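**Student:** So here's data26.cif (mmCIF, C-alpha atoms (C1' of nucleotides)).
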```cif
data_final
#
loop_
_atom_site.label_atom_id
_atom_site.label_comp_id
_atom_site.auth_asym_id
_atom_site.auth_seq_id
_atom_site.Cartn_x
_atom_site.Cartn_y
_atom_site.Cartn_z
CA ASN F 2213 34.43 38.58 -18.03
CA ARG F 2214 36.90 36.68 -15.79
CA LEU F 2215 35.38 38.30 -12.66
CA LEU F 2216 31.77 37.32 -13.48
CA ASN F 2217 32.65 33.76 -14.43
CA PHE F 2218 34.56 33.38 -11.10
CA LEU F 2219 32.02 35.23 -8.85
CA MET F 2220 29.21 33.06 -10.27
CA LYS F 2221 31.15 29.72 -10.32
CA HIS F 2222 32.01 29.88 -6.59
CA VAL F 2223 28.77 31.69 -5.43
CA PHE F 2224 27.51 28.89 -3.12
CA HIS F 2225 28.03 28.75 0.65
CA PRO F 2226 27.04 26.07 3.23
CA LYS F 2227 25.58 28.93 5.39
CA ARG F 2228 22.37 30.52 3.98
CA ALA F 2229 23.13 34.06 5.23
CA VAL F 2230 26.58 34.00 3.47
CA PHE F 2231 25.24 32.50 0.21
CA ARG F 2232 22.58 35.27 0.11
CA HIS F 2233 25.41 37.85 0.41
CA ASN F 2234 27.51 36.39 -2.48
CA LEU F 2235 24.39 36.46 -4.66
CA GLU F 2236 23.77 40.14 -3.73
CA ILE F 2237 27.26 41.11 -5.01
CA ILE F 2238 26.20 39.82 -8.47
CA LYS F 2239 22.96 41.92 -8.51
CA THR F 2240 24.91 45.22 -8.29
CA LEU F 2241 28.04 43.90 -10.15
CA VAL F 2242 25.85 43.62 -13.29
CA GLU F 2243 23.09 46.24 -13.05
CA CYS F 2244 25.11 49.16 -11.63
CA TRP F 2245 28.37 48.53 -13.55
CA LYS F 2246 28.60 46.32 -16.78
CA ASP F 2247 27.32 46.17 -20.34
CA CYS F 2248 30.65 44.29 -20.89
CA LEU F 2249 29.23 40.96 -19.66
CA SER F 2250 29.37 37.89 -21.97
CA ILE F 2251 27.00 36.38 -19.33
CA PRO F 2252 28.30 32.86 -18.35
CA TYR F 2253 25.05 31.05 -19.36
CA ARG F 2254 26.86 27.77 -20.24
CA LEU F 2255 27.60 27.44 -16.51
CA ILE F 2256 24.11 28.49 -15.43
CA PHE F 2257 22.49 25.40 -16.98
CA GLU F 2258 24.76 23.05 -14.94
CA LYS F 2259 24.00 25.14 -11.80
CA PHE F 2260 20.33 23.91 -12.00
CA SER F 2261 19.77 21.00 -14.46
CA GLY F 2262 21.33 18.00 -12.60
CA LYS F 2263 18.24 15.87 -11.75
CA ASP F 2264 17.69 14.19 -8.35
CA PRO F 2265 14.30 14.11 -6.48
CA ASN F 2266 15.88 15.36 -3.20
CA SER F 2267 18.33 17.92 -4.68
CA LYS F 2268 18.36 21.27 -2.93
CA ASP F 2269 21.46 22.08 -5.07
CA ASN F 2270 19.48 22.82 -8.27
CA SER F 2271 18.27 26.00 -6.47
CA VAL F 2272 21.38 28.14 -7.04
CA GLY F 2273 20.95 28.25 -10.84
CA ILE F 2274 17.28 29.30 -10.28
CA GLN F 2275 18.34 32.18 -8.00
CA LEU F 2276 21.23 33.13 -10.29
CA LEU F 2277 19.02 33.15 -13.43
CA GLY F 2278 16.81 35.44 -11.29
CA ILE F 2279 19.80 37.85 -11.02
CA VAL F 2280 20.60 37.76 -14.78
CA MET F 2281 16.87 38.33 -15.37
CA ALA F 2282 16.19 41.13 -12.83
CA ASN F 2283 18.92 43.52 -14.20
CA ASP F 2284 16.43 44.96 -16.80
CA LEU F 2285 16.42 41.67 -18.72
CA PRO F 2286 19.37 40.83 -21.00
CA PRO F 2287 18.42 38.03 -23.50
CA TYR F 2288 18.81 34.29 -22.71
CA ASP F 2289 20.64 31.54 -24.65
CA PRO F 2290 22.14 33.61 -27.57
CA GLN F 2291 24.67 31.31 -29.39
CA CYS F 2292 26.36 29.97 -26.17
CA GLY F 2293 26.96 26.35 -27.45
CA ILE F 2294 23.68 24.91 -25.98
CA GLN F 2295 20.25 24.10 -27.51
CA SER F 2296 17.07 25.99 -26.53
CA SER F 2297 15.03 22.77 -27.06
CA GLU F 2298 16.88 21.17 -24.06
CA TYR F 2299 17.90 24.19 -21.94
CA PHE F 2300 14.39 25.62 -21.25
CA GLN F 2301 12.87 22.11 -20.81
CA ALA F 2302 15.05 21.47 -17.75
CA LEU F 2303 14.36 24.92 -16.38
CA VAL F 2304 10.64 24.07 -16.43
CA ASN F 2305 11.26 20.42 -15.40
CA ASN F 2306 12.78 21.67 -12.11
CA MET F 2307 9.24 22.45 -10.87
CA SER F 2308 8.67 18.64 -10.53
CA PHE F 2309 11.11 18.56 -7.53
CA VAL F 2310 8.30 19.21 -5.03
CA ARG F 2311 10.24 18.08 -1.87
CA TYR F 2312 11.62 21.63 -1.24
CA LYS F 2313 9.93 25.04 -1.87
CA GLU F 2314 13.01 26.96 -3.10
CA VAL F 2315 13.68 24.19 -5.69
CA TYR F 2316 10.28 23.90 -7.39
CA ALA F 2317 8.38 27.20 -6.85
CA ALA F 2318 11.33 29.52 -7.50
CA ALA F 2319 11.61 28.02 -11.03
CA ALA F 2320 8.00 29.07 -11.69
CA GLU F 2321 8.75 32.55 -10.20
CA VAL F 2322 11.60 32.94 -12.74
CA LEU F 2323 9.47 31.66 -15.66
CA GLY F 2324 6.68 34.19 -14.91
CA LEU F 2325 9.35 36.87 -15.60
CA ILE F 2326 10.71 35.06 -18.71
CA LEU F 2327 7.26 35.20 -20.46
CA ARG F 2328 7.05 38.94 -19.61
CA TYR F 2329 10.44 39.37 -21.33
CA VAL F 2330 10.03 37.26 -24.50
CA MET F 2331 6.41 38.34 -25.18
CA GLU F 2332 7.29 42.07 -24.81
CA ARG F 2333 10.49 41.69 -26.94
CA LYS F 2334 8.10 40.02 -29.49
CA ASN F 2335 10.42 37.01 -30.11
CA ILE F 2336 9.06 33.59 -31.29
CA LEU F 2337 10.13 31.38 -28.30
CA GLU F 2338 6.95 32.18 -26.25
CA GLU F 2339 5.15 30.02 -28.89
CA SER F 2340 7.14 27.04 -27.45
CA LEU F 2341 8.10 28.00 -23.86
CA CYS F 2342 4.42 28.70 -23.08
CA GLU F 2343 3.75 25.12 -24.34
CA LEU F 2344 6.65 23.67 -22.25
CA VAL F 2345 5.24 25.35 -19.11
CA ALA F 2346 1.64 24.41 -19.97
CA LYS F 2347 2.58 20.75 -20.68
CA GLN F 2348 4.31 20.39 -17.30
CA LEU F 2349 1.66 22.10 -15.14
CA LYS F 2350 -1.01 19.73 -16.60
CA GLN F 2351 0.93 16.88 -14.94
CA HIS F 2352 0.24 18.60 -11.58
CA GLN F 2353 -3.41 19.50 -12.42
CA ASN F 2354 -4.35 15.79 -12.62
CA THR F 2355 -2.21 14.60 -9.60
CA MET F 2356 -1.12 17.36 -7.13
CA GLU F 2357 -3.86 19.99 -6.92
CA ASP F 2358 -2.03 22.09 -4.28
CA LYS F 2359 1.37 22.15 -6.03
"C1'" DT U 1 -32.50 -49.57 32.47
"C1'" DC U 2 -29.17 -43.53 29.55
"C1'" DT U 3 -25.72 -38.74 31.48
"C1'" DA U 4 -20.98 -35.82 30.01
"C1'" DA U 5 -17.09 -35.85 27.36
"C1'" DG U 6 -15.50 -35.42 23.76
"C1'" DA U 7 -16.49 -33.62 18.84
"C1'" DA U 8 -18.25 -30.31 15.20
"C1'" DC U 9 -19.81 -25.32 13.13
"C1'" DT U 10 -20.80 -20.34 13.38
"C1'" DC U 11 -20.34 -16.02 15.36
"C1'" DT U 12 -18.48 -12.23 18.04
"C1'" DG U 13 -14.53 -9.13 19.68
"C1'" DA U 14 -9.82 -7.71 19.89
"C1'" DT U 15 -5.30 -6.91 17.70
"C1'" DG U 16 -2.67 -5.76 14.10
"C1'" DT U 17 -2.41 -4.17 9.38
"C1'" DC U 18 -2.31 -0.42 5.41
"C1'" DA U 19 -3.12 4.34 3.15
"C1'" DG U 20 -3.97 8.46 3.68
"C1'" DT U 21 -4.68 12.96 6.34
"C1'" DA U 22 -2.99 16.67 9.10
"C1'" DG U 23 -1.70 18.26 13.08
"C1'" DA U 24 2.11 19.84 16.45
"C1'" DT U 25 7.20 19.49 17.20
"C1'" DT U 26 11.41 20.41 16.16
"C1'" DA U 27 14.97 22.26 13.84
"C1'" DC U 28 16.83 26.61 11.02
"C1'" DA U 29 17.63 30.69 10.80
"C1'" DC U 30 18.02 35.98 11.36
"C1'" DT U 31 23.84 40.13 11.00
#
```
Output the file's structure as structure tokens, nothing else.

**Tutor:**
Amino acid sequence: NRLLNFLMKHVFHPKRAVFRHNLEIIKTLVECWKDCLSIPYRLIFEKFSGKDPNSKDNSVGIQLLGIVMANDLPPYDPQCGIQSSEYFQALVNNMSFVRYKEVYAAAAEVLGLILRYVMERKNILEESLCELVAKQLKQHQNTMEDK
DNA sequence: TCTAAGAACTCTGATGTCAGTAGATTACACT
């Protein structure tokens, strides 16, 4: 638990090739080696949600949520002191930051795996998260046909 | 006994402007 919270908190690097390596430690550090996780999801929100139109620095929480997804899909936001009605909204809202590809599109790439999880685990949140996604993409449909 | 210098108005042509489009240039990056 102390390892994962540290490895994820300090994951960033100013050099893309190094940052990509720190991230790749996490991928095997979960999927090859721990059930014993208590995944640090209260961090993960802060690692993406801080709004600014020219942020690149939202992107790490996108990529990192993509690691905690891709390891055969543990659940998201169980009882971690944060509200699903705010948490997922930001995670969609990220795809408004159209200045940089890895900021906006990678959020959609994660969400297209989240639906595949929640729908196949038959949980109720796809009744809302599908509406969060649908509501935001409509804002592009009328204004930014390419994005 | 009248012939130009001074008006006046419209019109034409270039220069600069704004918004929007999209190309080519220039950085960024690979272990």

**Student:** Kindly provide, as an NGL selection string, the polymer residues lying within 12 Å of (16.0, 20.6, -13.8), counting all atoms listed in the file and using the coordinates exactly as they appear in the file.

**Tutor:** :F and (2256-2274 or 2298-2310 or 2315-2316 or 2318-2320)

**Student:** Based on only C-alpha atoms (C1' of nucleotides), which of the residues in chain U come within 10 Å of chain F? I want them as an MDAnalysis selection string.

**Tutor:** chainID U and resid 28:31

**Student:** Using C-alpha atoms (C1' of nucleotides), can you write the selected residues to a file as a PDB file, in the frame of the given file?

**Tutor:**
```pdb
ATOM      1  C1'  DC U  28      16.830  26.610  11.020  1.00  0.00           C
ATOM      2  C1'  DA U  29      17.630  30.690  10.800  1.00  0.00           C
ATOM      3  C1'  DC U  30      18.020  35.980  11.360  1.00  0.00           C
ATOM      4  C1'  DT U  31      23.840  40.130  11.000  1.00  0.00           C
TER       5       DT U  31
END
```

**Student:** One number please: CA of residue 2213 in chain F to CA of residue 2231 in chain F, in Å, one decimal.

**Tutor:**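 Computing the Euclidean distance for CA of residue 2213 in chain F and CA of residue 2231 in chain F yields 21.3 Å.
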
**Student:** Go ahead and find all residues with at least one atom no further than 12 Å from (-1.1, 12.4, 0.9) in the file's coordinates, using only C-alpha atoms (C1' of nucleotides); report them as a PyMOL selection string.

**Tutor:** (chain F and resi 2355-2358) or (chain U and resi 19-22)

**Student:** In Å, how far is it from CA of residue 2278 in chain F to CA of residue 2322 in chain F?

**Tutor:** 6.0 Å

**Student:** One number please: CA of residue 2250 in chain F to CA of residue 2216 in chain F, in Å, one decimal.

**Tutor:**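 It comes out at 8.8 Å.
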
**Student:** Where does the PyMOL selection byres ((chain F and resi 2249) around 10) land in this file, that is, which residues does it pick, as a PyMOL selection string?

**Tutor:** chain F and resi 2213-2217+2242+2245-2248+2250-2252+2286

**Student:** May I ask which of the residues F:2312, F:2329, F:2296, F:2317 is the closest one to residue 2344 in chain F, counting all atoms listed in the file?

**Tutor:** F:2296

**Student:** Running the PyMOL selection byres ((chain F and resi 2327) around 12) on this model by hand, what would come out? Give it as a PyMOL selection string.

**Tutor:** chain F and resi 2281+2285+2287-2288+2300+2320-2326+2328-2345

**Student:** Would you fill out range 2220-2250 of chain F with N, CA and C atoms and return it as a PDB file, keeping the file's coordinate frame?

**Tutor:**
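The file below, selection-v3.pdb, is the result:
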```pdb
ATOM      1  N   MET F2220      30.334  33.976 -10.126  1.00  0.00           N
ATOM      2  CA  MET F2220      29.210  33.060 -10.270  1.00  0.00           C
ATOM      3  C   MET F2220      29.611  31.608 -10.027  1.00  0.00           C
ATOM      4  N   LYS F2221      30.771  31.131 -10.491  1.00  0.00           N
ATOM      5  CA  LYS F2221      31.150  29.720 -10.320  1.00  0.00           C
ATOM      6  C   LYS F2221      31.216  29.325  -8.853  1.00  0.00           C
ATOM      7  N   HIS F2222      31.803  30.165  -8.016  1.00  0.00           N
ATOM      8  CA  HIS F2222      32.010  29.880  -6.590  1.00  0.00           C
ATOM      9  C   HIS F2222      30.935  30.487  -5.669  1.00  0.00           C
ATOM     10  N   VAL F2223      29.773  30.901  -6.182  1.00  0.00           N
ATOM     11  CA  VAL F2223      28.770  31.690  -5.430  1.00  0.00           C
ATOM     12  C   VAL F2223      28.215  31.013  -4.165  1.00  0.00           C
ATOM     13  N   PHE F2224      28.119  29.684  -4.185  1.00  0.00           N
ATOM     14  CA  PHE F2224      27.510  28.890  -3.120  1.00  0.00           C
ATOM     15  C   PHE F2224      28.202  29.097  -1.770  1.00  0.00           C
ATOM     16  N   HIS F2225      27.453  28.935  -0.678  1.00  0.00           N
ATOM     17  CA  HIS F2225      28.030  28.750   0.650  1.00  0.00           C
ATOM     18  C   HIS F2225      27.192  27.787   1.486  1.00  0.00           C
ATOM     19  N   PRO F2226      27.795  26.939   2.337  1.00  0.00           N
ATOM     20  CA  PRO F2226      27.040  26.070   3.230  1.00  0.00           C
ATOM     21  C   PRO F2226      26.102  26.815   4.193  1.00  0.00           C
ATOM     22  N   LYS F2227      26.353  28.099   4.470  1.00  0.00           N
ATOM     23  CA  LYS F2227      25.580  28.930   5.390  1.00  0.00           C
ATOM     24  C   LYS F2227      24.661  29.867   4.614  1.00  0.00           C
ATOM     25  N   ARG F2228      23.339  29.767   4.790  1.00  0.00           N
ATOM     26  CA  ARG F2228      22.370  30.520   3.980  1.00  0.00           C
ATOM     27  C   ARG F2228      22.623  32.023   4.000  1.00  0.00           C
ATOM     28  N   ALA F2229      22.913  32.615   5.147  1.00  0.00           N
ATOM     29  CA  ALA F2229      23.130  34.060   5.230  1.00  0.00           C
ATOM     30  C   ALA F2229      24.349  34.508   4.420  1.00  0.00           C
ATOM     31  N   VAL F2230      25.410  33.696   4.319  1.00  0.00           N
ATOM     32  CA  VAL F2230      26.580  34.000   3.470  1.00  0.00           C
ATOM     33  C   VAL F2230      26.284  33.828   1.987  1.00  0.00           C
ATOM     34  N   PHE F2231      25.606  32.744   1.606  1.00  0.00           N
ATOM     35  CA  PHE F2231      25.240  32.500   0.210  1.00  0.00           C
ATOM     36  C   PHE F2231      24.406  33.657  -0.360  1.00  0.00           C
ATOM     37  N   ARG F2232      23.410  34.104   0.404  1.00  0.00           N
ATOM     38  CA  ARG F2232      22.580  35.270   0.110  1.00  0.00           C
ATOM     39  C   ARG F2232      23.404  36.544  -0.105  1.00  0.00           C
ATOM     40  N   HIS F2233      24.510  36.718   0.614  1.00  0.00           N
ATOM     41  CA  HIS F2233      25.410  37.850   0.410  1.00  0.00           C
ATOM     42  C   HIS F2233      26.207  37.741  -0.898  1.00  0.00           C
ATOM     43  N   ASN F2234      26.779  36.569  -1.218  1.00  0.00           N
ATOM     44  CA  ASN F2234      27.510  36.390  -2.480  1.00  0.00           C
ATOM     45  C   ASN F2234      26.624  36.701  -3.680  1.00  0.00           C
ATOM     46  N   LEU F2235      25.396  36.207  -3.638  1.00  0.00           N
ATOM     47  CA  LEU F2235      24.390  36.460  -4.660  1.00  0.00           C
ATOM     48  C   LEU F2235      24.116  37.961  -4.811  1.00  0.00           C
ATOM     49  N   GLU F2236      24.019  38.696  -3.710  1.00  0.00           N
ATOM     50  CA  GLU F2236      23.770  40.140  -3.730  1.00  0.00           C
ATOM     51  C   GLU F2236      24.932  40.961  -4.303  1.00  0.00           C
ATOM     52  N   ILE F2237      26.178  40.466  -4.267  1.00  0.00           N
ATOM     53  CA  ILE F2237      27.260  41.110  -5.010  1.00  0.00           C
ATOM     54  C   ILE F2237      26.954  41.095  -6.507  1.00  0.00           C
ATOM     55  N   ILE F2238      26.495  39.963  -7.045  1.00  0.00           N
ATOM     56  CA  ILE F2238      26.200  39.820  -8.470  1.00  0.00           C
ATOM     57  C   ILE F2238      25.173  40.848  -8.941  1.00  0.00           C
ATOM     58  N   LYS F2239      24.061  40.986  -8.210  1.00  0.00           N
ATOM     59  CA  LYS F2239      22.960  41.920  -8.510  1.00  0.00           C
ATOM     60  C   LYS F2239      23.473  43.321  -8.827  1.00  0.00           C
ATOM     61  N   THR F2240      24.364  43.881  -8.020  1.00  0.00           N
ATOM     62  CA  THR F2240      24.910  45.220  -8.290  1.00  0.00           C
ATOM     63  C   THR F2240      26.096  45.173  -9.269  1.00  0.00           C
ATOM     64  N   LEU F2241      26.913  44.114  -9.239  1.00  0.00           N
ATOM     65  CA  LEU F2241      28.040  43.900 -10.150  1.00  0.00           C
ATOM     66  C   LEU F2241      27.626  43.882 -11.620  1.00  0.00           C
ATOM     67  N   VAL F2242      26.421  43.411 -11.947  1.00  0.00           N
ATOM     68  CA  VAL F2242      25.850  43.620 -13.290  1.00  0.00           C
ATOM     69  C   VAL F2242      25.166  44.981 -13.383  1.00  0.00           C
ATOM     70  N   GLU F2243      24.057  45.199 -12.668  1.00  0.00           N
ATOM     71  CA  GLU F2243      23.090  46.240 -13.050  1.00  0.00           C
ATOM     72  C   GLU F2243      23.605  47.662 -12.838  1.00  0.00           C
ATOM     73  N   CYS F2244      24.525  47.854 -11.894  1.00  0.00           N
ATOM     74  CA  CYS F2244      25.110  49.160 -11.630  1.00  0.00           C
ATOM     75  C   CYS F2244      26.369  49.426 -12.456  1.00  0.00           C
ATOM     76  N   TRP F2245      26.953  48.432 -13.147  1.00  0.00           N
ATOM     77  CA  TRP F2245      28.370  48.530 -13.550  1.00  0.00           C
ATOM     78  C   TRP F2245      28.798  47.874 -14.865  1.00  0.00           C
ATOM     79  N   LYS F2246      28.172  46.858 -15.471  1.00  0.00           N
ATOM     80  CA  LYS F2246      28.600  46.320 -16.780  1.00  0.00           C
ATOM     81  C   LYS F2246      27.531  46.050 -17.844  1.00  0.00           C
ATOM     82  N   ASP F2247      27.768  46.631 -19.022  1.00  0.00           N
ATOM     83  CA  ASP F2247      27.320  46.170 -20.340  1.00  0.00           C
ATOM     84  C   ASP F2247      28.249  45.067 -20.851  1.00  0.00           C
ATOM     85  N   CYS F2248      29.507  45.076 -20.459  1.00  0.00           N
ATOM     86  CA  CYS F2248      30.650  44.290 -20.890  1.00  0.00           C
ATOM     87  C   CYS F2248      30.635  42.848 -20.345  1.00  0.00           C
ATOM     88  N   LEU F2249      29.551  42.100 -20.503  1.00  0.00           N
ATOM     89  CA  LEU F2249      29.230  40.960 -19.660  1.00  0.00           C
ATOM     90  C   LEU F2249      29.660  39.576 -20.165  1.00  0.00           C
ATOM     91  N   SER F2250      29.307  39.254 -21.419  1.00  0.00           N
ATOM     92  CA  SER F2250      29.370  37.890 -21.970  1.00  0.00           C
ATOM     93  C   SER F2250      28.806  36.847 -20.980  1.00  0.00           C
TER      94      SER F2250
END
```
